[PDB]
Structures are given as C-alpha cells and as structure tokens.
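To start, the structure itself, in structure tokens.
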Amino acid sequence: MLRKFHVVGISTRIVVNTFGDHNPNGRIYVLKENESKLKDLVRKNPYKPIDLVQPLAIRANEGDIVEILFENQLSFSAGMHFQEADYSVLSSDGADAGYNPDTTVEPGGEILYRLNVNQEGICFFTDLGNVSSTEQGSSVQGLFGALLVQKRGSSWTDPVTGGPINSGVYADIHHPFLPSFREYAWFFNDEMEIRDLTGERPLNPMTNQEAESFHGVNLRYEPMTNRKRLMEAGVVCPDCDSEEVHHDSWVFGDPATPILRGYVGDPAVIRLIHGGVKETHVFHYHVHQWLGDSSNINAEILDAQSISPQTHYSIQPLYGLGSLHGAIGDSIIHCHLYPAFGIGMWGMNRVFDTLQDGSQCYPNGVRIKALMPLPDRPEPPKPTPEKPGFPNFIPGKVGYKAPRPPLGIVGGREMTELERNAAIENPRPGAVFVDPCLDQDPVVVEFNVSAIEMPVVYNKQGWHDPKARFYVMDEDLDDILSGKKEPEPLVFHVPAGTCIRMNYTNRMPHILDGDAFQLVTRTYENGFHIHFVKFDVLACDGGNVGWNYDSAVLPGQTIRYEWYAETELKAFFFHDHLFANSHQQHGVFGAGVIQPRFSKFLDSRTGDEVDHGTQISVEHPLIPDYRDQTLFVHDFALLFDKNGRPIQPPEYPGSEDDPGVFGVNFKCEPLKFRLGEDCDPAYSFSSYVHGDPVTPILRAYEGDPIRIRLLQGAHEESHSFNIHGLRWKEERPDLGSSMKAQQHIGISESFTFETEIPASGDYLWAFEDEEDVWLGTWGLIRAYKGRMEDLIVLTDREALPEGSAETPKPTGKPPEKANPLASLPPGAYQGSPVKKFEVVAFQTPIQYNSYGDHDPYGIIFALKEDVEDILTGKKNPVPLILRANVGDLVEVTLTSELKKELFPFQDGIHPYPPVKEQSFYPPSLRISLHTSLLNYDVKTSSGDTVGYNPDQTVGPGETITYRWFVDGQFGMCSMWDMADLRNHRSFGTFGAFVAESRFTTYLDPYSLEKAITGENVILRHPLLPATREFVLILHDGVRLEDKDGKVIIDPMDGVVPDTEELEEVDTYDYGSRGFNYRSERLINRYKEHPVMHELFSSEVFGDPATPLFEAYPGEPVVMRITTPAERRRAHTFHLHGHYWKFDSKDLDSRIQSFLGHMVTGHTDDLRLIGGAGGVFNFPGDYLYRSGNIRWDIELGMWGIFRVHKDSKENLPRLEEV
Amino acid sequence: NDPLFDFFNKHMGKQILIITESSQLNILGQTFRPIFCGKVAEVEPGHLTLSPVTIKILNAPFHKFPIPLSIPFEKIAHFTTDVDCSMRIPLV
Amino acid sequence: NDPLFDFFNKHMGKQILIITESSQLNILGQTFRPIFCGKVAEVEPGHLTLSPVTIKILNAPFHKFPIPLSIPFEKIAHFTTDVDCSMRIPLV
Amino acid sequence: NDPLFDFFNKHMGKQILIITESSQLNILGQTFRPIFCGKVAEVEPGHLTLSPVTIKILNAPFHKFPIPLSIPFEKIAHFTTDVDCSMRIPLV
Amino acid sequence: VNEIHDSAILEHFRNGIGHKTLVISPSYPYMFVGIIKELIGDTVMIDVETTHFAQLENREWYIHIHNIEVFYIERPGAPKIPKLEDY
Amino acid sequence: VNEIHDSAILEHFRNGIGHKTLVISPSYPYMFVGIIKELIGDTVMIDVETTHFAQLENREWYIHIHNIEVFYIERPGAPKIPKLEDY
Amino acid sequence: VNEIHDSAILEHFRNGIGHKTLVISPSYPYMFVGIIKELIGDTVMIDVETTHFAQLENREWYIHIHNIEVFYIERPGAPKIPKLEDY
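Chains as they are written, first to last, in full-length UniProt numbering: chain A, 1 to 1217; chain B, 19 to 110; chain C, 19 to 110; chain D, 19 to 110; chain E, 17 to 103; chain F, 17 to 103; chain G, 17 to 103.
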C-alpha cells in the first residue's frame, strides 16, 4: 500500500525537568496536526515538561512505498537525508554534492520524496544543510528522527486506550501468525545548550565551577545536584548524606525519565538509536540477557554493548520480561559511565503482576493509569484488599529511607500478614518471593568474603598508594594481613548447574580521608551487585532503586545471597553499586568464571586442588584440557612517589578531569626507565637489557591450548587490545565467522578467546594506544621447550623430552642477530610458489592539497625502483600496498637510509601534539617491520626484539630477509613498524597487506597491464566474476604547516563558522586527520565563498584531493578498510545508498550500512549488495564520510564515489574482458 | 502390524514433546529450532495430528499456534512422554 | 515409465528456475545458496542438463557460468516455469 | 556380497581419514567439524571400529579420544588411505 | 515399510484435491499457501496464494514430497486458515 | 543392500540389550548416555542417566536409528566408559 | 523409482571411465577435479589432480554417490573445462 505523511520543522522552547531547566533554541520535527496544540500547550506552561515534545517516530510495513511531503519554517535552508533505503539521489539525496541538482529547500518551500523499503529494521534520518559544530548547528540542537519497519501484515494500536495512533514512542504490535509484543524506543543525545531559571549556565555547588554539558535521554535528564540542593534545605530526611537516597522513590517520587510498564511474561523489543555527536556510551540492563545478533541463533550471550554516533541496534530479551524464573519489581536502566551516571542519564523499568484498570493509587496518592493486556495470553488476577499486589504491600513510609528486607540480616525484622500472603509457601533466607533454583536439589557451594584496606606497591621505583581497598577470602585473611602473600583481585571458579550461597561481611572504616584528588567522603554503608545470573531482584540487588527495599549492610553485620547458574556462561562481573564514584577507583571489584560441567581445577605449580586464583589449569575427562588466565585493566590510579609528592593532580580538588595513570592488576612498567646504556629505544622490550617486567606472565608448553578472559574495571576511557603472533575466531559457536587479531573493549565488558601455541619462543601482548604503551601496560607469553621441574604436565598431553636449557641472564647489551633463511614457517610445504620484493625507507616532504598545506617531516615506505622518481619531486607519495595469493611464500628484503640531522626534535620532547609525562627520549635510526594474521616463526620473522629472542632490526648499511606464509583467505592485514613508537608511527610509516583467492590476476584499470601496487585494480578469475577493488587507509594525529610555513593548530583553527570562543579540549583530541596522505579542510572553501549549503558542490570549487573512484552500473565492487592510527577517540564509517552483510562469510548475519567503534588495528572487508548503483542501478554521485559531526567532517574526511552513465574513452568496461 | 501405530494409539490423549531433525526453520524472517509440545488428537498410518500445539520460541516459550499440525513418521528424531511443557525448562 | 521424463521432454527449450535441498555451497572461499536459472538443453532418465546457466549470487545476481551443468532428479526441491531471470527477483 | 566389506578387510591395520555428512556437532558447548583420523581395528557388515582415534579440532588439531568409536557405512562421504595422522593439514 | 508410508502419504494428499493447504519447508522460499490441483509421481501441484514475497505470486509451483516438514489440510467442521491480508 | 545394512545395525543393537552405551546426534540435545531397555521397529528405547542438561535427566527417551552419527557399546573385557558423575 | 534413478546415474558414470570431470559437494573439501578411474558398489574412485588445498593433491579419493550435488563430464565436441593452471 502507498503511505503518505506531512512533516513540518519548527523552533520552540524545550523543558527537560520539573526544576525549570530549559533550552531557548530548540528545533524539532512534528506532524502537521499537532502543531497548534503543541504551540498552545507550550504557551500555557512556560516552565513545565510536556509529553508531546519528543523525537519523531513513524512506522511502516515491509515492501511498501512511502511518499513524504516536507514543509520548512526555519531560518535557513534544510533537508532530510535517509539511511538504509533505496532511492534515486537525483531527487531525494537531501544535499547538493558533485554535479547533482540541489535537493534542499529554502524557508517557506515544499518538496516531495519517494522511498522503497525492502529490508526490515531501523531507518535513521537527519539533516545535512547545516553542519556546524557550534551552537548554530542543526543536528546538535535536536533535529533528528527515525522510521521503523515492521514485518509483513502487522498492525499497531495504543498501549493505554487501544485506539489508532500515528506517532509516538510506546506502542504494541499484533500479527496473525506471530506472537504479539510491546515496543519501546530509546534515543541518546549529548552536548546541548542548557540554561537554568536565571538564564545562566549550571554550576557545580561543591566546587562552584561549571558543570558538564547536557547528557540526556529523549530530551530528559535527572541531575543529582538539584536533589542534593533540596536535601540541603533540611526538608527531606536529614540523616541522608549524599547518594544513598539518590534513586529511592520513597523520598522524591518518580523522575521525569522514561518509564516502561508491562506484565509478567510479555515479550518485548527495544530499539536503540544514538543521535549524539561526540562521545561513546555503554548500555547496561539489569537481570536480563539477549543474543549478540538476532538474525542468527549461534551468537554469544551478552548483557551490555557499546555504541557510537549515528548507529543503531535491536534488542530482544530472552524468555520475555522477568527472565526465566519470572521476577517482579523495579529494574534500572542506565549508562555505565560513572561521571555520566552522576550527570543523570538513567531510566527505570517497572513490572506488575495484577490487573490495572486505572482505579489504584501510589502510596503518595498519585493515580496509576490503566494498561491494556495482550489478547493472546491469560489475564492477571484482579487485585483484592488481602492481595493488593506490588507495590502496595511494602510497609514503607513517605519521606524516609526504604526498610530492610525480611529474613536477610541475622536477627532482622519479622514478617507481616501482607508479606505472608504475598510470598511463597516456603520462604527461606535469600529467596522470599521467587525461588531461582527451580525447587530442585542441585549442588550447593558456600563462600565467605570480607573487605579490607591495606597499602599496595606498584613498581620498583616505589610508586605506591596507601589507601587501597579490595576483596579477600575469609580463610586467607591472616596470611595476607601479615604480608606473607601478595594482594591481587579476587576470582573464583565454579562449574555449571550450581546453586550458590554466599555470606558477606564488612570490615571497613566509615570515613574516607581527603586528599588533593578527592574531598572527604563518609562511606558508612556498602552493597554488592552482580551480573549475568538469576536471582530475586527484591532482596538480592545490593542497591536501593525505586520502591524496593534497601539491601546494604552496616559495618560488623552479615547478609546472605542466593544465585543460580543454569547453563554455561562466560566470565561475569560484580562490584559495588552504592559508592562507586567514591572509592571504586581504589580497586573494589572482581569477577567469577563458569566452567564446563564436571571440570576440575588444579594449581599450575604443585597440582593441589584449589578454587580461586588468576592462573590455573583445567582438567576434563572428555574435552581437551587447557590453561586459563585472566586480565584486569583499570585507570584513575591515585599514586604517590617515594617522597609523597602527588602525581598529576587536577586543576582543583574534586574535579572529574583524569589525572591520567593506568595499570594492570596493580602493576605497571613505564618505558622511561628502560633506556639502557646506548639510549636506543629499539631495545626497550629486550630482557637482555633490563630483565623481565613485573606484569603478569603466562607459562605453558608447546602445543598447549589456552584460554584468555578479558575485562575492564576502569572508569571512563576506552582501550584496544592486540596480540602479536597469534589469532582466534570471532564467534566460538559459529564456525562461519571471520578470524581476527584485535578487539575493542568498553567498560564492564567481557570477552573470551581461544587458541594454541604453534612453536616455542616469546609472544607479546599489549594495548596499542600510544599513551597506554608509554605508561607501561604490556606483558609476555612464554613457551618452553624442555621439561621444567616447576611446571606440571597435562594428563592427556605427551611429556616433552628433557633438555639442558641455560636460562639467559640480563647483560645490558643487545643480543645476536638471527638467520630466518635456515628454517620454514609451520604449515608450509617444500615446493610452494615464491614471491619477492624490495623495500626502502627515507624522508621527504608531502603535499596534502592544492591550498599549500604540507608536512616537511614525512617518513614513508617505498619500493626500491620508485626512489628516484619521488626524490625528483615529479610524484606525490602514496602509501604502500602489497598483494599475494593463497598458498604462496613471500620473501621481503629491507634496507634503511635514515639520517640524524633531518629530525626536528633531537631531545625527544614534542610540544605539539602533547602527551602527558614527557621525558628524555632520543630518536633511533634502526627500523623493522611487523604484520598480523600470517604464519611465521616468532623467533626469526616477528619484526621485534622481545624477551630472549634474537635481534630483528637493521641499521644503516645492513640487510635482512623475512619469510611469511599464507594459509587462509583472510582479506586485509595491517602493517606498521615498532622500532620507535614516539618518533615514527605519527609521521606515516605504515602499510597494508591483502590476501586474495587462488588463481587470481591483477590488472591496471587504464592500460590493462599487470599491476603490483595501487588502490584501484581489477581482479580476473577463471571461475568467478570480474570485480573492482578499492583500498582505504585512515589515520590522524598529524602535524601540518600552512603555505607561509606557520604551524597550524587543529581543531581550534578549523571551526566553521568563524567564531573566537570555544572551551578547552582534552589532551588526546589534538592533531589533524585525513585519508591516504590527503585532507580537504572546509575552512578554505568557506573563506573563499561563504555559502553554507554549497560547500560540497564541485561545480563551484572543484573535485576534492581525496581518492576518487569510478564504476559502471551493475559491476561488482569490494572495499577494504584499515586504521593504523595513534589517538584514542573512536570513529564511524558510512556510505550513501548502499549496504552490506556484517560478516561476509556467515550468510545468516544481519544487514547494516555502517561500521562502529573503530580504533587502531581494526580491519574489515565489504561487499556491496547488487553491485554499483544498488538494486535498481541508479546513476549519480555518492558520498563516503565519517559519522562524528564534531571535529571530524569539518576536518576533511570525505570523498566522492562517482557512477558514470555514458561510456568514456578513458574507462574501458568489464565487457571487453 | 506396525508397532508405532499401536504405540501411538495406546498413548492417545496425553502430553508429548517432539523434536524433528532439520537444522532450523524460517517463517517471515523469524528463525527458530523445531521443538513442539501439545496433545495428540488423531493418528493415521503415516502421520499424527496435535491440538493444541505450542512452539518453543526464544522470545516466547509459550506461544500457541492457531491451527493443528501434522508430522510425518519419517521426520521424527527424538520424543518423550508423560511430561507437561507448562514447566520452565532451559533452552540454550 | 516415469511421467516426469515425459514432462521434461515436453518442456524442452524453455527457461525454468530450480532450487536444490542443500543448505549452502562453497567455491574457493565464495559461499552462496543453491539457486540456478537457464535453458533446458538435454534430459536423461536420471538427470537434466542446462546451458547456458546463470547462478544467482547476492553481489552478482547475473553471473554467467562458462560450462553447462547437470542435476540429478532426486536433488530437486522446488521449481517453476515461465520465468525470465534477466528480470529482477528477490534474493534475500 | 558387499564389496566394501572385502575392501576394508584388505585395508585392515592401516591409517585412514574419514569425513561424515553432518554440518557440525556439539559436545558440552564445544563445536567442531566431523573429521576423524586413526587406524581400523574391527570390521562388521554394517560398521567399523577405530582405535586409537584423533579428532581435528581447530584449536586442538591433535586431541585424541579416550575410547574407541564406531561409524555406520551409510554416513560416510569421503575417505582416503595411506595418510599419517601426525602430519599437519590445513583446516581454515 | 518405507514404501508403505510413502503410499499412505500420497493417498492422503490425493484425497485432498481441491482444498486449501499450508506447507512449511526448510528450503527457500520456506512457505507455500494455496490449492492442490494435480499430482505427478512423488511431486505435488499447488496454485500459490500467499508466500514470503508478493512478487512471486499468482503462478504454479512443484514440490517434492521428501522435503515437506509440516502440513495441514482444511476440512468441513475444522478451523479455517487465517488470511494474511495486505492492508 | 540398504535394508541389509539396516538389519545388521538392528541386530548389533539388539545383541547389546542390557548394557551401557553412548550416542551422539547432531540434533538437540546432542548427547545421551544410559542403558538400553527394548526395541520397537526402527526405534530404540534408552533409559538415559546423564545428558547435556540435568533438568531433562532421569526419564525415558526414544531415538530414530537413521539419525545416529557415532556410537559405542560396552562389552566385557573392553575399555570402560569413564565414571562421569557430577561432583 | 529410487533404484531406477540410481541405476541410471551409475550407468552414466560407468560409461565415462577415462574422462575428465568436475564434482561439487556440500561437504569438506567441497570440490574435486581429476580423471575418473573406476567404481566400487555405489562409490567412485577418482585420481584427483586439482582441489581446494595443495596438500591434498596427487592421490586417490572415494566419493559416495548420495552426496553428489552437481557434476559435468567432458564429451567429444563439447566445451572444454577451463585450463586451471597454477599461476
């Protein structure tokens, strides 16, 4: 059926909370009918929230045709750009790019759009007419919306009255052949102008300084400062101190944030959309789980996910609301960023169990609205005076803290008749209203845990923290308190199908001393929160949320919990949920691991049975045995030197600005102390110089399978994890997934990797962020060859033969060189084809665009034959790309030609871009080369000097040869150099490697001759269709100069429009960015001719300096991406009018048109559906760009994809071949 | 004659849990594993009919189909008797 | 004899569409579902031959194979007639 | 008579590599492709017994089972002779 | 015994000529709804009425018996198949 | 010859009545361990003692012969199945 | 009719001894190309000359008929299999 709509754009005041905070310059979409009503209601209520003011959402059926009529009433030209839809760019693009006709509308005009929907999901749309990142922007002020597509033959009604609706946020769905379910929407947004009742910016009352910017959901947020201000008046409970009553509804009542309502067992679906501009958030949902990808049934089980600007996901809770055991009560939904949580980006979810006709009231007297039950399920029983239902049976009192749950504390309160009539027939401590362990008789395990405080030492230099807090087992308390054992985080292991009982005790002082970092905090109480398992939310949450009880403990008391684990699950995270912002930085957290059934745990040294630790061995009768190791990464380490002088204090006490010290398991190893005698950075990692580090080290024999658990207990920063010399599968249950060697991790995430050791040697693992490496977060994996006395042997494995191995000792001198030609990599066979190459490195200036921007300190790789041409200035240098086929053997010859006098900073101190804790670090002259996802001997071709391995670097006048083997079709691999990270990575020494299928040939797209390098080639295969290939490399953190030779400062000088005011920025946000040694900053175009909506038109300015791609309709296209960058901020990639499979191999994956959370080391390959021009083969011009409006698009990261319509004499077609 | 016919006639009017052998099924973009439960209502020498019937869906382990269903004998992998599927069971 | 042989003999020289029962196939790292189109050129008591034959791929919905193909009778799941596969059809 | 019986009797006592037809198997949360390597020890009109036997797991290409295994004749797809199980073969 | 089962299935399908049925199969396009017209060997004739995609409607299809997973045939005094109407 | 193979498999299973055995199948719940009781046609009845999930344990099950991938039957004088008890 | 179809396929394969052919199967290693030598029962012996991986070349393989999906056999005056050469 043909659908129609009428959309208008208006500007009006927006109210975010009852306290009167408002934005005087809001701009939103709205339907035609509701405009007058919305304006009248806004006029009537100057400072009160109105539900009608919210982001726009519309619905349509799969396979329909949609017509939209747009009318403009703003003060500038504007339009609407869509996503994941088929359309002709000549009439519905929403912008004027390339040679296409203009599609935006001046104020007072009208336009029509036509779209076809073929795939279900989410259609996100926004505007591109105004792209400023200042307060004058369009999308930054809340101008966005989404269109939802349902399955075929569906229908929707109202949740309250059941009448028809046109737009909204809450709705219900009916289908003939499929179950009915409820629907929800959730929009993230940040960085919006905010004013108080006095028209001034909000101020932090403790510090009298500026508060952080807006961070809300659906144009609502709930700051804690207002509630604390209300507390200070002495009206509400005087004994409540700061945070313990932050979310308690018995004191303040329900907030203005979204609240979701439903009955027990109702299936639900949640749509998640991120419309923000700058930051990356993490979404966490209590007591619920979902599959990683809804399309396939072989994904993992998750409970949290990361998100980036301009991206979306779908969520489907397992077994419906209430999980497997059917729990009732209040469940909280919030972001896990503690500063953001303090800002008040959180919501609540409510579950009932009795019919609600609208005649009931809350304890405070507020009437409860009705709720229509679903038509295909039995109805809940009607409420009665004897069984009023939740929450009327809780014996609470208004204006005071919630009471304690019954039978939880030893010698606690008794039960009333209401609780007796409401609870189960056989209540026991830890299970009053719902029995999670299925009323069975499984195995029962007991534990005893207490918390202490005792100072911790970090490294050899004496860095230490006197105030550190963590968990310890009751039995080992005396040993650890006497200093006989080394403190570490707490990890315990249990098999599946177990009913767990725990007793918890608090042994903590109630007062936290102040310091330069934090003020005086009164932590007189604490709790216990847990993830991933089934339990009763009412009496086992560990917090105080909504109308529920308070489940905290005073010092010297004891409480007990009960949890159930029904199936195999990965590592789960637990921590405190009351005073996280107060002392979580001090290290109060832990994790537990669930192992396969019938497993056994043995100590790695003596073989005695244990139940806790971070490095153990697992033995199983049937499945192969392996070794387990767990890693913890955390930041905000409050450290003092040996003289007590604070390290990196903030500007003022109590600020949330990061002091900037990291660590792993209370350990660190900064690089500034490993210079050695020669002061050569190339030998930083060699144990022959300064010995092995104090970071965790994994020990195993050759061929031993291993498993690794990865978790983050940090505060706010993101990280990337890389491993050199190994690889693992992406989805363990699904063998069709791709193979990776790098993973991005957010806070409170969990991951698991499996692999095996192919050969003896040493392997390196580290977080490849520049500051992370500079601060010393790295370790080693060691594989012996003989049989040591202090390492047991797995039962099913065969004992290795003995051998006299003299362990090397540090000597302070570099080791000897290696001879890679003497052996072959594992997997290779004698008689394979051979490829050869020649590589040289040098220095040369680089031109970036036609406006004079250039870099006079560039270092690049190049083929030996191409040196003279580039040295004469007749060519513009480009990155290095190599290609090979499966089963080939590659030999590479390397040479270095660097010089000393050409380096700008001989002292090693870089004033711009800056990094914290600068120190003396002279640059080096030697160089090496490293790659990933390929088979090679780690002792001869790893490209690094790690541990006791021989040297793999070459100085001037030397030559080395590597040996690599290809064993599988992986796609794209990344290459870079690790000789000197502080002086070589930033200036452009990196490359890419591509592996293709067997019997493939490459041809130049112009002369049809054989090609060896380039980012635009043609692949011909005997049994497969011909295809075009495009290559792209992303990088940032570059230093540039103008035509006049003056230094340039980004992004300060790249702000459009030209304004003189802008606040401070983070340390790691400096530097320029671009594609393939190119960038197109918009400031020049704006200065030449100031028109906002005509910046992208090449008819006025000309083609950009970024790479240009051409194709004919219907020709298959494949694209490959890599990012060997340096900074930490994530990025997104998006292309207009196309989409692809998430995983090219697994044909059951989902469909999307974006890539999320890209950091250093990310690699992916894309195959377009239907070839160029989409399914319908529409010619025109298309744009590829980033998704970050703030600091990315204005800096010049965009290009043009052109599809010709008529034959050109310079572009032969694929028909001729 | 055929023992299966006599056995299913003997077990008339009782609960039963049945699983087929196909890897997965798809219905209008909805994918699930083939697990069914319900009463037995009629027996033929080649197939049997269940009414009412329940399909174990990940999002709704208690969804009731609006029509009866028939299963060929040769398309049977595992089954069991005297079990009520109103109980909650692990699925993954 | 088998009436299907006479049916396919009568339908000689027309374009048809056939689907087999295998879940998916792989050809040197390329995976796809088993859907074929083309003209019937030769029939046999056990198999039939198509030439030229077009294989429907997600990114190559018009790729043409260089050699004819043969399909056993027992491996056919569904098929139809009077379809010209140079037109556009859904592939998801 | 059954030729495979005589063939396997003739090839008794040597290594062999056998691949079945199933897409994937699961054992206590561990998934792998059905590839086997080992010696033949016992031959029956309907099956055969292998001992010792090795299963090719991607993360453990030399894991050996603790008990002998038996395979029916009708579930065999491809096999070959005179190949040592200790040699390393491509898996991905 | 297997041939007996096949014969029983064929007789059951043959007695249902001219009635609306529903068939679900693991292979694409995974669903068929329509009327039975003819029977050829072990292959059935269906005039389709509603399936996964509207573009594949108002034509004729062939189905092999061995690939049928579940099925239903309507009879007087039995519930009618719900109509998937495109509103 | 296919019926000959089926008959041979049936006789092999019948001779092992009353012994312990292990069966692996590609379909859910993917594994059974128990004692054979009695046989019906081409279907075998097993009193399972341990399987993938404990909630499905201590009951009877029926398995069609044609969907068995690998199996082993305990015999006197042969290696024993490991004592697989949940502690 | 299954026996008749199998007999037809076996005769077709038997008449092609000494020719070049290509075979595609849904199971690993998914492809065989070589010269057919002889057949045993319902199994065919092939001298493989080009396949997925180099390590699995220059030897003999046995393939069951029931897992054959598509195939082609060279005939006089027919299009030649492409000269798949390792470059």
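Just so it is clear, CB atoms sit at the ideal spot from N, CA and C, and this is done for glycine as well.
Please confirm if residue i has its CB atom under 9 Å from at least one CB of chain A.
| i | result |
| --- | --- |
| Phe69 of chain E | yes |
| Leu35 of chain D | no |
| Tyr88 of chain E | no |
| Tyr103 of chain F | yes |
| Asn77 of chain B | yes |
Checking contacts by CB at 9 Å: is residue i closer than that to chain C?
| i | result |
| --- | --- |
| residue 112 of chain E | The structure shown has nothing for residue 112 of chain E, since chain E only spans 17 to 103. |
| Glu65 of chain G | no |
| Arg91 of chain E | no |
Please check if any C-beta of chain B sits within less than 9 Å of the C-beta of residue i.
| i | result |
| --- | --- |
| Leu55 of chain E | no |
Counting only beta-carbon separations shorter than 9 Å, does residue i have a partner in chain F?
| i | result |
| --- | --- |
| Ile89 of chain B | no |
| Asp102 of chain B | no |
What number of angstroms, rounded off, separates the C-alpha of residue i from the C-alpha of residue j?
| i | j | result |
| --- | --- | --- |
| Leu871 of chain A | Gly1045 of chain A | 21 Å |
| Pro21 of chain C | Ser23 of chain E | 17 Å |
| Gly20 of chain A | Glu106 of chain A | 34 Å |
| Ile84 of chain F | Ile40 of chain F | 7 Å |
| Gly93 of chain E | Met105 of chain B | 32 Å |
| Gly873 of chain A | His854 of chain A | 14 Å |
| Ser997 of chain A | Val1038 of chain A | 35 Å |
| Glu300 of chain A | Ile56 of chain G | 45 Å |
| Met1197 of chain A | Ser359 of chain A | 58 Å |
| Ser974 of chain A | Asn296 of chain A | 29 Å |
| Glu33 of chain A | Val53 of chain A | 14 Å |
Return no unless some Cβ of chain E is closer than 9 Å to the Cβ of residue i.
| i | result |
| --- | --- |
| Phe83 of chain C | no |
| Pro101 of chain A | no |
| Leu109 of chain B | no |
Which term fits residue i, buried or exposed, when burial requires 16 or more other beta carbons within 10 angstroms of its beta carbon?
| i | result |
| --- | --- |
| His68 of chain F | buried |
| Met1119 of chain A | buried |
| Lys96 of chain E | exposed |
Problem - Any 3 or more C-beta pairs closer than 8 Å across the segment 497–509 of chain A and the segment 443–458 of chain A - result: yes
Practice task
Give, in chain order, every residue of the segment 47–65 of chain D whose Cβ lies closer than 9 Å to some Cβ of chain A.
Solution key: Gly47, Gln48, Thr49, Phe50, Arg51
Handout entry: chain B contacts made by the segment 146–174 of chain A, where a contact means CB separation under 7 Å
Key = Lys151, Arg152
Practice task
Could you tell me whether the segment 643–653 of chain A touches the segment 601–620 of chain A, where touching means 3 or more Cβ pairs closer than 8 Å?
Solution key: no
Exercise for the section: May I ask you to list, following chain order, the residues of the segment 24–45 of chain F that have a beta carbon less than 9 Å from some beta carbon of chain B? Expected result: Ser41, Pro42, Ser43, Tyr44, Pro45
Practice task
Kindly confirm or deny that the segment 977–996 of chain A and the segment 856–869 of chain A touch, where touching means at least three C-beta pairs closer than 8 Å.
Solution key: yes
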